[PDB]
Structures are given as structure tokens and as C-alpha cells.
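Reading through the C-alpha cells given below for one structure.
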Amino acid sequence: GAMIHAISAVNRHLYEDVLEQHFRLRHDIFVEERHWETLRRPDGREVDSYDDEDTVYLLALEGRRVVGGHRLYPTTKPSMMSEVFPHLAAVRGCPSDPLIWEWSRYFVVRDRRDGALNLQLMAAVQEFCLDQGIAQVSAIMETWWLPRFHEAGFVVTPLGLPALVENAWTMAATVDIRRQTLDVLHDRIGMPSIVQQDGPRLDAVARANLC
Ligand SMILES: CC(C)CCSCCNC(=O)CCNC(=O)[C@H](O)C(C)(C)COP(=O)(O)OP(=O)(O)OC[C@H]1O[C@@H](n2cnc3c(N)ncnc32)[C@H](O)[C@@H]1OP(=O)(O)O
Ligand SMILES: C[S@@+](CC[C@H](N)C(=O)[O-])C[C@H]1O[C@@H](n2cnc3c(N)ncnc32)[C@H](O)[C@@H]1O
């Protein structure tokens with residue numbers, strides 16, 4: 001059936017159509033719906049300084065329609081946490097490691113909310129990272145994400161004090177990538193694999209080491 005596709009520098013030539021579609025959906029969702037006005041752009045594409053040659057996109061596709069997704073960025077480069085929100089990680093420190101990737105821009109289009117897709121997206125980050133040998137992901141998120149992580153069996157390590165960010169309670173944390181977490185999620189989604197990787201093989205950890 002429908003799969004989550006891992007899109008990076010090595011295979012984006014197969015997904016240029018899909019990538020553009022997702023930038024516009026990100027604008028509809030994060031700018032128009034969430035009202036994150038600092039991300040508004042006149043081209044109607046929601047693109048920031050962490051959308052570059054090293055970004056990995058995990059996009060839920062139905063045919064060529066993007067129905068959900070999220071992205072990963074190496075913490076060996078300047079990151080959203082290190083550059084924008086370092087005060088949120090003042091207790092433990094901002095991650096900087098080839099084996100830790102920054103996780104952001106999680107979305108499900110309205111048509112697919114409150115269904116099977118969400119848990120598939122939760123499984124997808126675990127599956128991709130385990131395959132790549134990535135040990136942890138880091139995230140800045142609103143505190144309503146905590147019960148969602150816990151419900152999916154995600155092992156969460158807070159990096160600092162929660163704080164108001166543009167009027168919303170926000171925190172920085174890592175998530176442990178675990179075979180055990182993934183195994184349970186595979187059972188729950190009723191699929192042995194949720195991540196499709198077309199085109200040339202990506203060596204994410206090697207790329208992050210170069211950075
Ligand atoms: C890498 C990550 C960490 C970066 C995040 S990046 C920021 C998170 N992303 C977004 O807010 C994008 C806009 N939203 C979406 O794409 C979807 O609403 C998401 C968050 C993916 C959730 O989709 P689904 O789980 O399929 O279903 P849903 O009915 O939309 O939500 C399920 C439950 O989740 C909760 N929820 C969703 N959005 C919320 C919000 N803005 N504030 C407080 N609570 C919120 C809520 O409890 C809801 O159930 P309800 O109470 O019955 O409505
Ligand atoms: C929870 S935080 C940031 C992380 C967000 N959950 C994500 O994964 O994309 C949301 C707040 O950070 C801001 N923000 C998101 N990406 C940003 C960037 N690249 N630069 C500056 N601010 C950003 C948004 O305007 C919003 O007020």
C-alpha cells in the first residue's frame with residue numbers, strides 16, 4: 001500500500017515534483033494553519049535554512065500526492081536548536097553528533113488526520129534511523145507532544161526547562177531510537193516495513209561526519 005519515502009540529495013532527482021508539493025503544503029499548514037508567521041514567504045513555499053543539501057525528508061505518498069511527512073537534519077551542522085533555541089537545551093546542552101539528527105516539521109494533511117497515517121509517521125522515523133544507525137533524534141516541540149511520544153513508546157530525554165516560545169509552551173528533547181520501540185509499532189501499524197528508499201543508497205551517518 002501507501003509508503004513513507006526517504007528523500008535526500010542522492011535520490012531527490014526522482015522526487016523534485018513531490019518536494020515542491022511538500023514545501024507548499026508546509027506553507028498551508030505551518031503558516032496558514034499554525035500561524036507561525038515568522039515562516040511566511042511570498043513564494044508560498046515554506047523553506048528555512050535547514051532545507052539544504054543535507055536535509056532528509058520522510059514523506060507519506062499516495063501515488064504522487066504528499067499526505068504527510070517530517071524531516072531530519074544533521075546536528076553536526078548548525079541546527080535549529082543550536083542557532084535559534086539554544087536556551088531550551090541549557091541544562092544538558094545542544095546535540096552535536098553524527099548519530100543525532102534534528103527532527104522537525106511533522107504534518108498530516110487534514111484529509112488523513114485521526115487515522116492510520118499518524119502512527120505510520122511515528123514508525124517511519126524509528127525505521128529510517130535504525131536502518132541508518134542513527135542513535136537519537138532531537139526536537140523542539142510544544143509540550144502536547146509528550147503524551148503522543150509516550151503513547152508510541154518513544155523514550156524521551158528532556159534537554160532543558162520548558163519555556164514559552166511565541167505564546168506556546170515549548171521544550172527541547174532527544175528521542176532514543178530503539179529496535180524494541182519499532183518492533184511494537186510494526187505490530188501496531190500491521191506492516192513489517194513503512195519506509196521506501198528508491199534510487200541510490202544513502203549513507204546518512206557518513207554525510208554527517210563530513211559535516
Ligand atoms: C518532530 C515533531 C515533534 C515536530 C512537531 S511540528 C508541529 C506539529 N505539527 C503541526 O501542528 C502541523 C499541523 N497538524 C497536524 O499535521 C496534525 O494535527 C498532527 C499534529 C500531525 C496530528 O495529526 P493526527 O494525530 O492524525 O490527528 P489530529 O486529530 O490532528 O490530532 C490528534 C491529537 O493530537 C493533539 N493535537 C494535535 N494538534 C494539536 C495542537 N495544535 N495543540 C494541542 N494539541 C494538538 C490533540 O490532542 C489531538 O486530539 P483532539 O484533542 O481529539 O483534537
Ligand atoms: C516548536 S517550535 C520549533 C520546532 C517546530 N516544532 C518544528 O519541528 O518545525 C515552533 C516555533 O518555532 C518557530 N520556528 C520554526 N522553525 C524556525 C526557523 N527555522 N527559524 C526560526 N524560527 C522557527 C516557529 O515560528 C514557531 O514559533
Side-chain angles (χ1 to χ4, degrees), residues 3-27 29-31 36 38-41 43-61 66 68-86 88-89 92-107 121-141 145 154 157 159 172-177 182 194-211:
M3 295 284 279
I4 316 295
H5 292 64
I7 308 164
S8 68
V10 305
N11 74 349
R12 65 179 285 148
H13 59 99
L14 306 175
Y15 296 97
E16 290 296 342
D17 59 319
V18 153
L19 285 176
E20 277 309 311
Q21 190 193 331
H22 108 105
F23 287 129
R24 302 192 170 272
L25 285 172
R26 277 169 54 178
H27 199 94
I29 292 170
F30 296 103
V31 182
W36 294 352
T38 198
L39 307 169
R40 183 175 291 277
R41 285 171 49 106
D43 63 352
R45 300 165 68 255
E46 197 283 287
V47 184
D48 70 8
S49 69
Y50 315 104
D51 293 300
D52 66 29
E53 302 75 23
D54 291 307
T55 316
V56 172
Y57 302 95
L58 291 160
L59 299 182
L61 301 189
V66 180
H70 39 71
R71 68 174 183 177
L72 293 163
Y73 194 78
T75 63
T76 53
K77 300 183 78 176
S79 57
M80 198 192 299
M81 206 183 289
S82 77
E83 297 189 296
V84 187
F85 303 105
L88 294 186
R92 300 295 196 29
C94 298
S96 185
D97 197 302
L99 303 178
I100 308 171
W101 285 57
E102 187 169 74
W103 190 36
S104 64
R105 301 296 208 277
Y106 189 122
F107 71 96
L121 287 165
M122 296 297 279
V125 75
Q126 294 278 335
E127 181 174 318
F128 173 86
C129 289
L130 192 69
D131 182 71
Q132 293 287 332
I134 292 162
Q136 292 172 322
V137 296
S138 54
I140 297 106
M141 83 286 183
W145 274 93
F154 277 30
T157 309
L159 298 170
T174 61
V175 165
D176 275 16
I177 301 298
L182 180 62
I194 194 67
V195 179
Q196 185 165 328
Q197 298 194 245
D198 290 348
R201 171 72 185 177
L202 173 72
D203 194 336
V205 169
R207 287 185 69 95
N209 272 282
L210 287 182
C211 309

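We number each residue from 1, following the sequence as shown.
For the pair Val66 and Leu61, the minimum side-chain heavy-atom distance is below 4.5 Å. For the pair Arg45/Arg24, a side-chain contact is recorded, criterion being any heavy-atom separation below 4.5 Å from C-beta on. Looking at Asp48 and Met80, their side chains come closer than 4.5 Å, going by heavy atoms from C-beta outward. Contact of the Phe23 side chain with the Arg41 side chain is not registered, since no non-hydrogen atoms from C-beta on lie closer than 4.5 Å. Within the 4.5 Å cutoff, the side chain of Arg207 has heavy atoms near those of the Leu202 side chain. Counting only heavy atoms from C-beta outward, the side chains of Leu88 and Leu159 never approach each other to under 4.5 Å. In this structure, the side chains of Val125 and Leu72 come closer than 4.5 Å at one or more pairs of heavy atoms.
Closest heavy-atom contact between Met81 and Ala172: CE-CB, 3.7 Å. When every heavy atom of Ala208 is checked against every heavy atom of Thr76, the shortest pair comes out as O-OG1, 2.7 Å. The nearest pair of heavy atoms linking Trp145 to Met122 is CZ3-SD, 4.2 Å. Pairing each heavy atom of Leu59 with each of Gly69, the nearest pair is CD2-CA, 4.0 Å. Between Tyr106 and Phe30, the closest heavy-atom pair is O-CZ, 3.5 Å. When all heavy atoms of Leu121 and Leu58 are compared, the closest pair comes out as CD2-O, 4.4 Å.
Of the candidates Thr174, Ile177, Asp176, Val137 forms a side chain to side chain contact (heavy atoms under 4.5 Å, CB included) with just one, namely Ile177.
Interatomic distance, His5 NE2 to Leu19 CG, rounded to the nearest 0.5 Å: 11.5 Å. Considering CG of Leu130 and CD of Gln132, their distance stands at 10.5 Å, rounded to 0.5 Å.
Residues forming a side-chain hydrogen bond (donor to acceptor under 3.5 Å, both in side chains) with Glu127 (at least two apart in sequence, or on another chain): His186, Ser193. Taking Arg26 as the reference, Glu46, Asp51 meet the salt bridge (charged side-chain N to carboxylate O under 4.0 Å, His left out) condition, with sequence neighbours excluded. In this structure, the salt bridge (charged side-chain N to carboxylate O under 4.0 Å, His left out) partners of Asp52, at least two apart in sequence or on a different chain, are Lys77. Not counting sequence neighbours, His27 has no partner by the ring-ring contact (aromatic ring centres under 6.0 Å, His included) test. Under the side chain to side chain contact (heavy atoms under 4.5 Å, CB included) criterion, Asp17 pairs with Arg64, not counting sequence neighbours. Applying the ring-ring contact (aromatic ring centres under 6.0 Å, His included) rule to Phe85 yields no partners; only residues at least two apart in sequence or on another chain are considered. Residues forming a salt bridge (charged side-chain N to carboxylate O under 4.0 Å, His left out) with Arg92 (at least two apart in sequence, or on another chain): none. The salt bridge (charged side-chain N to carboxylate O under 4.0 Å, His left out) search around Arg12 returns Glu16, not counting sequence neighbours. Applying the ring-ring contact (aromatic ring centres under 6.0 Å, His included) criterion to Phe107, with sequence neighbours excluded, gives no partner residue. With sequence neighbours left out, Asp203 forms a side chain to side chain contact (heavy atoms under 4.5 Å, CB included) with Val205, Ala206.
Listed by first and then second residue, the salt bridge (charged side-chain N to carboxylate O under 4.0 Å, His left out) pairs involving residues 130-139 are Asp131-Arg201 (not counting sequence neighbours).
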Solution key, residues 94-101 side-chain donor-acceptor pairs under 3.5 Å, sequence neighbours excluded:
from: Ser96; atom 1: OG; to: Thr75; atom 2: O; distance (Å): 3.4
from: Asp97; atom 1: OD1; to: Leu99; atom 2: N; distance (Å): 2.8
from: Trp101; atom 1: NE1; to: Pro98; atom 2: O; distance (Å): 3.0

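With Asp198 contributing its side chain and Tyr15 its backbone, the two residues share no donor-acceptor pair below 3.5 Å.
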